[PDB]
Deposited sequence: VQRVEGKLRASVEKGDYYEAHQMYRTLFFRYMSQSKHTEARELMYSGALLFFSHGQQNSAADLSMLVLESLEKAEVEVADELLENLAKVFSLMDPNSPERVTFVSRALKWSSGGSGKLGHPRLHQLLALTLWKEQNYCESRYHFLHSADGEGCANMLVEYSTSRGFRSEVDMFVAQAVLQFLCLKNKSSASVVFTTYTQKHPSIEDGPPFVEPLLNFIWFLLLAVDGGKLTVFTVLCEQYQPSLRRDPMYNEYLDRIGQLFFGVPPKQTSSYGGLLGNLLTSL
């Protein structure tokens, strides 16, 4: 009903005025505990402002969507996540506001567990991939349950932006980080998908590249709960593992998480870059 009148003000170009009226009705509905009506109006308003290129107003209304979700203690549902990712995808990729929105939306989606919901991470990752923001896409894929999407993205990233000396390293880096998040399922899927789909990796396993055999064997050893095998693998593949200074630190964490072996590396590049417990 009121949407009709607000929509007319936006279409006339009275953006400032429509924006403050949306805010007025939002707080009014919220004061009346009409949390749902408040969110629905803000979401439709955000979309309308995005269609006019009015990013600042759209982003503001998007934050009010999250305010309603929070106050009403709404749980994650597929439709809500898809709505939030849609708004994310319309925001300016170079705005601090998108950073703010993502942080607040992931926090809400956690049900403050406190891990961002993996389906929201997935949706974000897919958008970021389409935008060729591979660095951020990768971060979100790692917190998703989507090993297959991650692998396809990393094939594109490695061939587009990586060096030819790194083809095996990109999948090693991803597998080891998935395992540090105790996600052996996605770790196996990213490995299998990447090695099959990457144009510079031939049929295998076994592979010509020692680092790829290491990762293949590691996945088998972890899935089998075989600590003695894990230990042998880490020892015999050290020359390959030294190619990324962080690989032995990831393996320390993996050993701890799956088998209880106390971390071995005295070195901590983690500390330098960000501590492994709180920087994956």
Report task. Numbering from 1, run down the deposited sequence and write out every stretch that has no C-alpha in the structure. Result -> 1-2, 115
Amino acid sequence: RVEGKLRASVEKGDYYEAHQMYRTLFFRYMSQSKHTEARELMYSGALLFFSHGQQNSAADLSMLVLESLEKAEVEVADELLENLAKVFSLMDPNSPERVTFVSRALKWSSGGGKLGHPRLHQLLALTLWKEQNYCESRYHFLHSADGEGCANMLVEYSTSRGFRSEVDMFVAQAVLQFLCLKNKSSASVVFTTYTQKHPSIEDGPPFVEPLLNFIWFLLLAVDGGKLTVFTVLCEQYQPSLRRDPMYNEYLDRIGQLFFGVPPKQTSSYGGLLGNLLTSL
From here on, numbers count along this sequence of modelled residues.
Query raised in the report: Which has higher Cα B-factors on average according to the PDB entry: 85-93 or 169-177?
Result: 85-93
Requested in this report: Quick one: say whether 204-212 or 117-125 has the higher mean Cα B-factor in the deposited entry.
Outcome: 204-212
Query raised in the report: According to the deposited entry, which of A72, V102, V155, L142 has the largest Cα B-factor?
Result: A72
Report task. Within this chain's modelled residues, let me know which third the CA B factor of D14 belongs to: lowest, middle or highest. Result -> middle
Requested in this report: Please rank the C-alpha B-factors of the chain's modelled residues and tell me whether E235 sits in the lowest, middle or highest third.
Outcome: highest
Query raised in the report: Once the chain's modelled residues are ordered by C-alpha B factor and cut into thirds, is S137 in the lowest, middle or highest one?
Result: lowest
**Report entry** Chain third (lowest, middle, highest) by recorded CA B-factor, residue given as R39
**Finding:** lowest
**Report entry** For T266, the third of its chain into which the C-alpha B factor falls
**Finding:** highest
